[PDB]
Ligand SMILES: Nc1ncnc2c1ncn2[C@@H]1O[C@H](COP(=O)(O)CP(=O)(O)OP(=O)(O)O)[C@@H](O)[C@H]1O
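Below you will find one chain, with nothing else, as structure tokens; this is the form solved without the named molecule, and questions on how it binds or moves follow later.
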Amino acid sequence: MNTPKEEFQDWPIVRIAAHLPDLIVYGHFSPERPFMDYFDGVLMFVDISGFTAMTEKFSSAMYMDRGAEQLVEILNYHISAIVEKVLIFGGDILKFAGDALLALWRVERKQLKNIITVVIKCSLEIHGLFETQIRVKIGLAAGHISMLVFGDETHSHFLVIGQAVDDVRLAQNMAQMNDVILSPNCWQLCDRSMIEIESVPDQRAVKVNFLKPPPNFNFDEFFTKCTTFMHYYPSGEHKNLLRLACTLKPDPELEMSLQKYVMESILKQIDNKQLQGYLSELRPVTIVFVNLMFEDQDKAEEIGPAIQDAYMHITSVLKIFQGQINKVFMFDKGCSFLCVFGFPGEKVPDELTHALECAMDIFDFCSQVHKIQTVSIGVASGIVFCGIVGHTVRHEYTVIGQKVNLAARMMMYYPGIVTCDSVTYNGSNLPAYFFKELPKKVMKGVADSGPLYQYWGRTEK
């Protein structure tokens, strides 16, 4: 009696789970919104801005109309390598952006100390990938983490928040190229006998110079001990797999839950109803980057409802113009919605006037949501890269480009108002008194912004 080779693992539910972390795939929580949960862990923030800063040169005519295809190829080649290191060292990649990836090792509190050592080693091996031949910066933090899931009956989004999350962004902003920086609390909780550090000026964070373990220390044996605490580390018959999620079996109730996190045009490709290459493109879009700030940004029970309320309104306003929320994440300050007009074959006429009117509408509504202290919105239009970024087993649809960065910097450098770039201003052809011309500011990671404007709106008052 033959025993033929088990082959099939390429179900839609498996393809969907590539787009999500284990935190969500295996999370099994209520469909009520907002949903909040609390845990501890170590976070890793890998800044890949050195990689993503190549978008503008792939618009060069030297790439002969295959810019987007070449871009996605070289980006995924490098990012895949980082992703494998993360996954092999037992982390869960939570999210990708066009500057970073964020990864989590969730553990009970007593194991934080040893897990930090694992993440440090991982960090150093990631830096090792790029030593000779584009580099990265890594910030690490550890401690209490809150997860928030918000959405409606058809879409879901999640975020991690709290001091370990603020910490890992602060850690990462301090870092030079090739640094691994630990947050003060990560430093306080870590195994000091393992690692040699140095002070960072006016900073209680630290930099890791070396991992030098003791005489009898054996990282492989130490790692194996650590895997006792890693719920989903592939093992046994599945020890050849990067993720346990690759083994997911069809389950309609689970798939209904998971699909809500993924954009419809991505699901269409997953269902083999669209060419697998149609979403990689350099296309003109309008970014509407919305930032919400709160009295206290680490208090999920406080900020959860407010974000949910904002989300409900944002989605209804975007729906009108097939605008899309590409991503939500906590910025150094506040909760940010990266909204896009124009991307997977969703490209309206008058994109610009409507983008501005939608931004104003969002601004006016969110301003009156209880507990939202300040709303700020940056609007920028130009050619951006759109595509599925990451590894075959773990990847997300992402938008990368100078205009994306500019919209992000605008909403931070010009808080409390709706701003737009010159392409949006000039292109809207709205009467000029709908705007206020703004003072120029020197903005981190931005050169040659042209003139910036505030969208004042239709009335003087």
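One rule holds for the numbers: they count along the sequence shown, beginning at 1. Shifts are known only where both forms have a C-alpha. For clarity, a rigid core is taken as the largest C-alpha set superposing within 1.5 Å between two forms.
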Is it true that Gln133 goes unbuilt in a third or more of the other compared entries of this protein?
yes
Gap size between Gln133 and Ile134, counting deposited residues with no coordinates: none, 1 to 3, 4 to 9, or 10 or more?
4 to 9
Look up the CA B-factors in the entry and say which stretch, 416-424 or 390-398, has the higher mean.
416-424
Regarding 190-198 and 367-375, which shows the higher C-alpha temperature factor on average in the entry?
190-198
Checking the entry, which one of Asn178, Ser336, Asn76, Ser235 has the top C-alpha B factor?
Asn178
Kindly indicate the residue among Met230, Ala97, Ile82, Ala359 with the greatest C-alpha B-factor in the PDB record.
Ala97
The third of the chain into which the C-alpha temperature factor of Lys57 falls is the highest
In terms of its chain's C-alpha B-factors, the third that includes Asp37 is the middle
Report the third (lowest, middle or highest) to which the CA temperature factor of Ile24 belongs, ranking only the modelled residues of the same chain.
lowest
Ordered by C-alpha B-factor within the chain, which third holds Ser146? Give me lowest, middle or highest, please.
middle
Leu452: which third of its chain by C-alpha temperature factor?
middle
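Omitted here: the form solved in complex with the named molecule. The next part is about that form.
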Given the named molecule as it appears in the bound PDB entry, superposed onto the chain shown via the C-alphas lining its site, indicate whether the pocket is open or blocked by backbone or C-beta atoms at a 2.4 Å cut-off with 3 or more atoms counting as blocked.
blocked
Out of the stretches listed (40-48, 415-423, 428-436, 27-35), which one is close to the named molecule in the bound PDB entry, meaning heavy atoms within 4.5 Å?
40-48
Please identify the residue among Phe229, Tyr233, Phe329, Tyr261 with any heavy atom within 4.5 Å of the named molecule in the bound PDB entry.
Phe329
Pick from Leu338, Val369, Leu112, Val317: which has a non-hydrogen atom within 4.5 Å of the named molecule in the bound PDB entry?
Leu338
Going by a heavy atom distance of 4.5 Å, is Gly98 a contact of the named molecule in the bound PDB entry?
yes
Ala68: touches the named molecule in the bound PDB entry, heavy atom cutoff 4.5 angstroms
no
Are any of the heavy atoms in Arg169 no more than 4.5 Å from a heavy atom of the named molecule in the bound PDB entry?
yes
Scan 393-422 and note down the residues that get a heavy atom within 4.5 Å of the named molecule in the bound PDB entry; none is a fine answer too.
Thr398, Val399, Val404, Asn405, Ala408, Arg409, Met412
Superposing on the core, which single option in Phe51, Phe35, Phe58, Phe39 has a CA shift of 2 Å or more between the shown form and the other one?
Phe51
Taking the cut-off of 3 Å or more as given, in which direction does the distance between the C-alpha atoms of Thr52 and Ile88 change in the bound PDB entry, closer or farther?
farther
If the C-alpha spacing of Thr52 and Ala17 moves by 3 Å or more in the bound PDB entry, is that a move closer or farther apart?
farther
What runs of three or more residues stand out between the shown form and the other one, with each Cα shifted 2 Å or more once the rigid core is matched?
49-53
